[PDB]
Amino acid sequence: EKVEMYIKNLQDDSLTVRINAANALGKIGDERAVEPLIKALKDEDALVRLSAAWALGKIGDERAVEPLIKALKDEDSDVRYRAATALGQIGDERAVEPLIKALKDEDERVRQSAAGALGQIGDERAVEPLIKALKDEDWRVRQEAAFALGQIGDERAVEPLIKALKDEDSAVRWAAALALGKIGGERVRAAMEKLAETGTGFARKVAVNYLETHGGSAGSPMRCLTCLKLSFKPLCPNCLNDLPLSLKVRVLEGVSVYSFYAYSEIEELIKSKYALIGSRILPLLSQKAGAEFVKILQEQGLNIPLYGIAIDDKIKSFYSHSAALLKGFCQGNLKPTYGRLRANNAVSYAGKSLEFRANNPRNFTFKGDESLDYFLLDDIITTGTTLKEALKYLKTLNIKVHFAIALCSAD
């Protein structure tokens, strides 16, 4: 590195060489450049003074705090702006009182950068002056003071920030709503409830999102089961989107079988198929799967009306589980049919060997129109025994089965 070369270039006669040396020492900043840059703050030209101030904040050494405090009283508003920004970047408590005075500066950029620096330092002494800054003539200063109050997290700012939600500027209302959510509490919850209902823009977005996780509280309010956010469906769209959809194809009895999820990735959701609460989760997964499958059929060219057959469930389930899973999957040219195929025995293959499954068949029975174009759907495929049996049985009845869907794959 050339750190020591740039340190020498700070005392050059050429202005463009002195400036480039200060900017270079801001990127490749070493503690060796701190003392030479402190001297560069007393340069004749303001372009060198502001570049040295910028570089000192980028280095972050506590030695530059006192000369940067003197640079807050500089004749040039660009040098004052850089000194205020740098003081917050360093984060030393000594800059708090000098930065509080900079909040009353003539230049709106110096006021704004001093407010942001006070939030970066996080000292409680800045709370009252930043509350006054929420009534500045420049909206950029108001916005920066609201953001700084949220970074400090002092409750003394709650009522002034609630009044800032009625500001004329959209970015100021947004900064105030954010600051409120960062502080939290009962007065904030009540302000968010009014802002979500009557507010607009990004301020309303913050309020709506805050109430999804904090508000709406009740013993039994409908919530998402993977993130606990308030949601009418047991899986919010964000959580549903995060579920890994892995498409696989196997050929069983000449019929193509499509799976959409791996058992290892949705194990708990599958295990909860006979739970009261975790029941309505599977129709959400099959709706996601059916939407991708309908695109596959269009790419294939299979645009004929198709009729779904589900393996009829027994009294061991809370509701018509297969009917709900099939109703969710069906969309586009897919249409659901109920009670066409049923097993004469209620044996469970879960956790059983391939030998047990092959020796315990479900005696299938078909009851419906045989001239229709069908497809069968089931929740999971482990060994393919159940599907091979259903396909073989319907093939003997001369029934058109275009494909089979097994939502989840364990094979």
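Quick note: we count residues from 1 along the sequence shown, nothing fancier.
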- prompt: With respect to the recorded C-alpha B factors, which stretch has the higher mean value, 359 to 367 or 375 to 383?
  reply: 359 to 367
field: Mean C-alpha temperature factor, higher of 104 to 112 and 137 to 145
entry: 104 to 112
- request: Compare the CA B factors listed in the entry for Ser231, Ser170, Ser77, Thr226 and report the winner.
  value: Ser77
message: So if I compare the CA B-factors in the entry for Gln120, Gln300, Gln287, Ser317, which one is the largest?
response: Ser317
Third of the chain's Cα B-factor distribution that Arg18 belongs to, per the entry: highest
task: Classify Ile405 as lowest, middle or highest third according to the C-alpha B-factor given in the PDB entry, relative to its own chain.
output: lowest
- request: Taking the values exactly as deposited, rank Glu253 by C-alpha B-factor within its chain and report the matching third: lowest, middle or highest.
  value: middle
query: Against its chain's modelled residues, does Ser259's Cα B factor rank lowest, middle or highest third?
result: lowest
message: Taking only the Cα B-factors deposited for this chain, tell me whether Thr198 sits in the lowest, middle or highest third.
response: middle
